[PDB]
Every structure is written in C-alpha cells, then in structure tokens.
Amino acid sequence: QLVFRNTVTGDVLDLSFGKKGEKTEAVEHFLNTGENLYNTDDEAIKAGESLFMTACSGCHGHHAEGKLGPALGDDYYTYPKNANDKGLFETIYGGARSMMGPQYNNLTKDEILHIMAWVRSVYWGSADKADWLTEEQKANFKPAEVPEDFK
Amino acid sequence: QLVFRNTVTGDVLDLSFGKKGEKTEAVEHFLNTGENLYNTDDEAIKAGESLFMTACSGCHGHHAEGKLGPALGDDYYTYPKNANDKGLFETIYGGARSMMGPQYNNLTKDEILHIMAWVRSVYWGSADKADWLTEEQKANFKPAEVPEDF
Amino acid sequence: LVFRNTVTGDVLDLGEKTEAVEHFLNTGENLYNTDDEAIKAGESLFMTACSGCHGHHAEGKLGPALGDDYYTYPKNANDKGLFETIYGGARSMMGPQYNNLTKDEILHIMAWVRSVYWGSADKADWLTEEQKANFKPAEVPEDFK
Amino acid sequence: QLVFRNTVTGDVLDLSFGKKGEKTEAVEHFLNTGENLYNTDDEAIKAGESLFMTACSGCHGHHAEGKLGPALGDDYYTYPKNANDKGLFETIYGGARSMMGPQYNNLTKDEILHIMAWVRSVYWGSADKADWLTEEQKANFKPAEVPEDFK
Ligand code: HEC
Ligand code: HEC
Ligand code: HEC
Ligand code: HEC
Ligand SMILES: [Ca+2]
Ligand SMILES: [Ca+2]
Ligand SMILES: [Ca+2]
Ligand SMILES: [Ca+2]
Ligand SMILES: [Fe+3]
Ligand SMILES: [Fe+3]
Ligand SMILES: [Fe+3]
Ligand SMILES: [Fe+3]
Ligand code: NA
Ligand code: NA
Ligand code: NA
Ligand code: NA
Ligand code: NA
Ligand code: NA
Ligand code: NA
Ligand code: NA
C-alpha cells in the first residue's frame, strides 16, 4: 500500500488521475513496489529517450545537462527523494515548483517509467549516491559520459 | 519543395532530418505549398491539442495564453511571418531565440503540423490579421473565447 | 497619463518625486535617455535587478534580449510601455518591481537599456525622428546571434 | 590558508573584479576567517532583505521558499558546503549550474554578506544542521517560521 506524495506540497498523489494507457506489467509492478522494471530494458530506454526529447528536453537539455530546469544526470538533487525511483516518479507525475508542472495529463504512467529508465541510463554521477541501483548494480556500474555543458 | 528559412538566422532548414518515418500526404503537400491540410480536420486538431500539452504547454500555457514564452492565440506576433503556416512551421522546426529551441529533434514534421492546426483552432484574434485563413474561412471565422489565464 | 499592466491591462497605482519621475508621469518621456551619468547608475541597477534573467549584455537568458527590435509586447518599444512592464511585471518569472525599486531607479534602468540598443532606428519608438537620423547603434552581444 | 573555490569547477575564485564597492570591516574579516559579522546585526539583516528581494526573489521566491531555484531557508542543500558561510559566499559569488549565474558583477562583496545574513535570519531548518551558528547560538536556536509558499 504505497503512499505517493507531491514533491513540494506533501499532498497524496491520486494515481488514477491523468492520461490512461494500457495497464502494463512495469506500471503494475511500480505501483506495488516503487521499482522501475524498465531500468534494465534497452528497448524501453530507447523509447524513453524519444519521450524525454518531446516532453523534457526544452527545459532540461537534450543530454539532461540542465537549461531552465536542473541537470537530471548528476548526483546533485534539488529534492533528495529524486535519487530513488518512487521519488522521481512523484516529481514527474505531480510536478514541483514554478515551470515544473505535473505531467499526469501529458504522459501515461508507462511513458513516465520509460522516461525514468532513460534518465537513469545517462547518469554520470557516483554509484554510492544512485539509490535506485541494487548493491550488485553499484559494484558493476560505470558512470556514463558527462555532457560538456554540465562543466 | 519551397525554401524554408530559420526565423533567427535566415539560413535554410534541413527538413530531411531524422528517420521516424516517410512523409504523410499532409507533410508532402505542406513542403510543396506551405498550406496545412490539418487546419480544418477536427480529428487532427485533437491529436495536436495532446501533442501541444506534452511539448509546448510548459512554456506557452495550457490555453496558449503565454507563460515563459508568448501567447500564441493572439494576433500580435514577435515574428510577423508566424501569422502564416510557412513562417509558423519554420519557427517551431528551427527554433527562435533564448528558451525557444528547435523542435526537429523532438517532433516529426507531421506532429508539428498537428500542433499548428490546434494553435490556429484556439485563435482569439481578428480575422483580418489571420493570414493562414482563406477568404471563405475569413467570412465564416468567429474568434475563439479569450482565455481568462491571459 | 493612465498606466496599465502589460498583461492584465489593469491600472497601475503609481511624494518626494524627482524631476525625471514628474516629467515621466506627465509625458511618458524619460529625461535620463540622454544623461550619461544616469545611464551609468542604470547600468549598476540593471546588473542587480535584471541581468540574472536577461543577461549582463541584455542578450537574453531566462527572459528575452532587451537590446534588439523584437518585442513580446509591442508597447515596450516606447518608454511608457517599458516602464509599465518593469513596474507592473508581465507573465511567469517577470514579477512586478514596484516594491523593489523606486520609479526613479526604474527610469535609470530604462535609460541604460535604451543606451545598449543594437536594433534598427525605424523600430526605436522612444527616439524622436532627429535622434533616429543621428542613430548610433550599440555593439551586438557575441552570445545573441 | 582560506582559499575561495568555485562551487561548480573547484577553481580558485578571483575576488578583484565585479562590483568593486568599498573595502569594509565585514568583508576584510570574512576574507580572513569565513565568519560573516552581519549574521547578528539586525540593521544589516534589514538591508540584506531589500537586496535579496531585488537580486534573488525572482528565482528563489520572496520568502526564500524556492521558485525556479531551490528553497534557501530549509536544512537540505543541493551543495552541502552552503550550510557554512564560506560555501554560501562561493556559490553566490561564482555561481552554480543552469540559471544560477555568478553574482560578482551584480553585487559588491559587502552586499553579498548582507544578503547572506538575511538568508540565515529566515532559516526554518534544525539547529543541528545550521553550521554557521556558534554552539551558544545553536543551544539558544529558535528556527524562523516556514512561509506558506514553501508548501
Ligand atoms: C519547463 C517547462 C520544464 C519542463 C517541460 C520539465 N521540467 Fe522538470 N523542472 C523544471 C524546473 C524549472 C525545475 C526546478 C523545479 C523545483 O521545484 O525546484 C524542474 C525540476 C525537475 C526535477 C527535480 C530535479 C531534482 O534535482 O530534484 C526532475 C526530476 C525533473 N524536473 C524532471 C522532468 C522530466 C522527466 C520532464 C519531462 C517529462 C520535465 N522535468 C519537464 C522545468 C521543466
Ligand atoms: C520553453 C522551454 C519553451 C518550449 C518547450 C516551447 N517554447 Fe515556443 N517560445 C519560447 C520562448 C521563450 C519564445 C520567445 C522566443 C523569441 O525569439 O522571442 C518562444 C516563441 C515561440 C513562437 C514565436 C511566437 C511569435 O510571437 O512570433 C512560436 C510560434 C512558438 N514559440 C511555438 C512553440 C510550440 C508550438 C512549442 C511546442 C512544440 C513551443 N513553442 C515550445 C519558449 C518555449
Ligand atoms: C527572472 C526572475 C527575471 C527578472 C529578475 C526580470 N525579468 Fe524581465 N522577463 C522575464 C521573463 C521570463 C520574461 C518573459 C515574460 C513575458 O511576460 O513574456 C520577461 C520579460 C521582460 C520584458 C518584455 C520584453 C518584450 O519583448 O516585450 C521587459 C522589458 C523585461 N522583462 C525587463 C526587465 C527589467 C528592466 C528587469 C530588471 C528590473 C527585469 N526584466 C527582471 C524574466 C525576468
Ligand atoms: C534565476 C536567474 C536565479 C537568480 C537571479 C538567482 N538564483 Fe540562486 N539558484 C538558481 C538555480 C536555478 C539554482 C540551482 C543551481 C544548481 O546548481 O543546482 C540556484 C542555486 C542557488 C544556491 C544553492 C542552494 C543549495 O541548495 O545548495 C544558493 C545558495 C543560491 N542559488 C543563492 C542565490 C542568491 C543569494 C541570489 C541573489 C543574490 C540568487 N541565488 C539569485 C537560480 C537563480
Ligand atoms: Ca525530498
Ligand atoms: Ca519576420
Ligand atoms: Ca502591447
Ligand atoms: Ca559541496
Ligand atoms: Fe540542448
Ligand atoms: Fe496554465
Ligand atoms: Fe552573461
Ligand atoms: Fe513570489
Ligand atoms: Na541529480
Ligand atoms: Na541536479
Ligand atoms: Na500571436
Ligand atoms: Na503574442
Ligand atoms: Na526588444
Ligand atoms: Na526581444
Ligand atoms: Na533546499
Ligand atoms: Na537549504
């Protein structure tokens, strides 16, 4: 019985709100466990890259290096819960401050998990701060390519 | 095909960018004529509403009333060529200045024509400044409700 | 003169007023546009209040470039309009300045903003026709085109 | 030796340019020790308030609650060195990422210390995490109220 909460207000997120897609295995798994099955799925990561460019790149940069909103590929966080997949989904679904609007009406839950897998795949921060990774994944993790513009 | 120019630099746009698919009838007609077939197709306009909310509403508002970027439903334009569909397409595809980046990597040319059709559908400006409309359309054009957001 | 919000069109509520502020409230004309000392002071206030969002050379960053002849709001090509936009704010991040800055400080900023203009004389609606005829555009910032 | 380093790059900060202003007691003392004399000066806190509204509120909110940039009054920091006065000065002076540009051309070093004193005055986090406070101040610490806009 997971309690999903708004990143800014702490209000409960009603996950039945917003754009309905097919009720996929990744979404049912996520609603039960806060684990994103697409983190390891190369096909899903590819589809997440394309959804991030459409929905996110204008504010976060085509390499998640940050532009108007922050870098999403680094181990620095505005909200520390965004280091884990339950928090990241909450921030995307429910929105945060200012121009970071909720995406519940723009994207299905399955599309958000695709985008989330892609955001994790381009990570260039330290394994020690990667809360979404298992101890096994950390031990075997190489930081991805830093974007130039991250300085 | 016509020559499509970048709104900021005046340089020619590469419309062949990407490998998402082959041109739709609407896209091939638009590249030849600058006319957007979706402007009068209610189904195309609804798909464009959803595409606009996902790609554009963060910076231009959920009613195209403006937020970080300008209102798109009014009859003033920062770039007056955006009152016609050729200009509008060039601005979206190629980008403009500051936070208005090019969309050629975010959206297919067909999705952009879907978005443009929805943007024209919500216009609340005068018929006389609506350069994308035909005289038949201008005679029967009634402005959309001005959103209370703006 | 009646002063209106750039976005809503609502009245702006506008004392120990300077000559420039009294002249501005009666005419919509900014005396500081030709006062080199006032343009220097406006540079320092612009860097404090504006450069974070509009850049150190008014080239644009969060908000638009202010030195070019493209406007989001066409009235910002005249000093009455520009004053309304700064005083009363616009959309999103462009908040009202009426509590942060005096009217006199705003006129200093506006004088500096006009001093770094790099667009066309034709679109410079704050210049008289004789100022246009003797127009000397400022350098175009490297981070703009 | 007290060396000031850029929050993003780690490069030594050059303090000889920007808005020169005047060498003040508070600035000389801070460049020698990393201690902000303005922190306990109610007159300086009031001046810092007006400088923050003019220079900072557009991105950080009128109550330092966050808007486009982070909340500054809470006890979570994107960059944990900002919990001390040396780190906070470095981030303000030399900037951070995305839209947090350097402020050394916008403000004198003295103006920055005024803003910093005001930011510490509105702090609503825990005494345990307020590194800039002496242990007298921390044993006597009363956090400011949480502004509504923080949510
Ligand atoms: C501009 C209109 C934006 C779009 C589109 C998206 N984001 Fe965003 N985001 C933006 C800002 C201005 C901020 C800071 C807001 C705040 O409350 O401080 C954000 C924040 C995020 C975060 C938090 C990051 C952290 O360090 O904690 C995440 C994870 C984030 N945004 C993700 C994200 C994704 C995946 C988007 C596409 C669906 C997306 N954002 C769109 C501005 C904008
Ligand atoms: C924030 C990251 C933005 C996103 C996402 C989109 N737009 Fe935008 N747009 C933005 C700004 C800051 C500006 C002004 C730029 C300038 O050079 O003045 C714009 C401008 C436009 C225009 C020009 C309108 C005019 O008056 O001439 C159009 C037609 C426009 N934008 C459309 C648009 C569409 C359809 C988007 C989704 C695909 C979109 N923009 C995204 C900021 C942002
Ligand atoms: C970030 C928090 C900002 C600060 C501080 C200032 N401005 Fe701004 N400005 C900003 C945005 C995001 C926009 C677009 C808003 C909109 O409603 O479309 C603006 C807009 C302006 C304009 C309009 C320009 C036009 O082309 O019509 C002007 C003249 C303007 N801003 C001036 C300005 C001055 C002088 C400031 C210091 C007092 C200032 N702005 C601060 C974002 C931000
Ligand atoms: C908008 C153009 C901004 C203005 C004006 C100011 N700040 Fe800012 N700040 C902004 C963003 C987008 C961020 C996040 C940057 C990042 O690298 O993550 C910041 C960050 C800060 C911080 C870091 C806080 C932390 O948790 O570590 C501080 C201390 C900070 N900003 C202070 C600050 C002050 C005092 C300002 C007025 C002089 C100021 N900022 C202006 C965006 C913007
Ligand atoms: Ca958190
Ligand atoms: Ca034009
Ligand atoms: Ca106007
Ligand atoms: Ca640190
Ligand atoms: Fe980019
Ligand atoms: Fe809205
Ligand atoms: Fe700059
Ligand atoms: Fe505010
Ligand atoms: Na991060
Ligand atoms: Na970050
Ligand atoms: Na328009
Ligand atoms: Na407009
Ligand atoms: Na302009
Ligand atoms: Na402009
Ligand atoms: Na914070
Ligand atoms: Na903090």
Side-chain angles (χ1 to χ4, degrees), chain B residues 5-13 52-53 55-84 87-88 90-92 94-102 119 122 124-126 128-129 131 143 145-150, chain C residues 4-10 46 50-78 80-82 84-86 88-96 113 116-120 122-125 138-145:
Chain B
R5 301 168 181 88
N6 179 303
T7 298
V8 175
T9 69
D11 295 353
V12 189
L13 297 173
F52 182 96
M53 296 314 136
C56 318
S57 62
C59 296
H60 288 284
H62 291 265
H63 305 102
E65 76 275 19
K67 193 172 190 219
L68 168 65
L72 298 177
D74 63 340
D75 53 44
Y76 178 77
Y77 299 82
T78 306
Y79 309 102
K81 75 168 197 179
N82 292 336
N84 65 72
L88 184 50
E90 294 167 332
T91 294
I92 300 168
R97 294 183 181 277
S98 80
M99 290 296 316
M100 183 48 193
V119 168
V122 297
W124 60 77
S126 68
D128 260 285
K129 292 174 179 207
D131 298 350
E145 28 291 320
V146 161
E148 29 229 315
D149 351 317
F150 137 133
Chain C
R4 291 187 188 75
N5 182 288
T6 293
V7 171
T8 70
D10 291 354
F46 182 92
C50 319
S51 70
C53 295
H54 287 283
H56 286 104
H57 311 286
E59 70 280 21
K61 190 188 162 215
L62 206 182
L66 300 182
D68 64 349
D69 53 35
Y70 300 109
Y71 296 89
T72 309
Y73 309 98
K75 74 184 205 157
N76 293 326
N78 68 74
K80 181 172 192 282
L82 182 55
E84 287 166 336
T85 297
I86 302 164
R91 283 182 230 285
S92 62
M93 311 292 306
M94 182 47 197
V113 164
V116 302
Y117 180 74
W118 65 71
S120 300
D122 311 297
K123 318 218 118 289
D125 297 341
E139 201 88 344
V140 165
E142 195 235 346
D143 268 26
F144 175 75
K145 206 67 157 28

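Letters A, B, ... mirror the listed sequences (proteins, then strands); counts begin at 1.
- Every side-chain contact (heavy atoms from CB on, under 4.5 Å) that B/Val12 has, sequence neighbours left out, goes to B/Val3.
- Rounding to the nearest 0.5 Å gives a distance of 10.0 Å between NE2 of C/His54 and OG of B/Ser98.
- Within residues 57-65 of chain C, the residues having any heavy atom closer than 4.5 Å to a heavy atom of chain B are C/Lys61, C/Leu62, C/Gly63, listed by residue number.
- Scanning for salt bridge (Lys or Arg N to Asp or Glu O under 4.0 Å) contacts around B/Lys81 gives B/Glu90, with sequence neighbours left out.
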N/O donor-acceptor pairs under 3.5 Å from side chains in residues 73-80 of chain B, not counting sequence neighbours:
residue	atom	partner	partner atom	Å
B/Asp75	OD2	B/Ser126	N	2.9
B/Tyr76	OH	C/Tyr71	O	2.9
B/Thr78	OG1	C/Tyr71	O	3.1

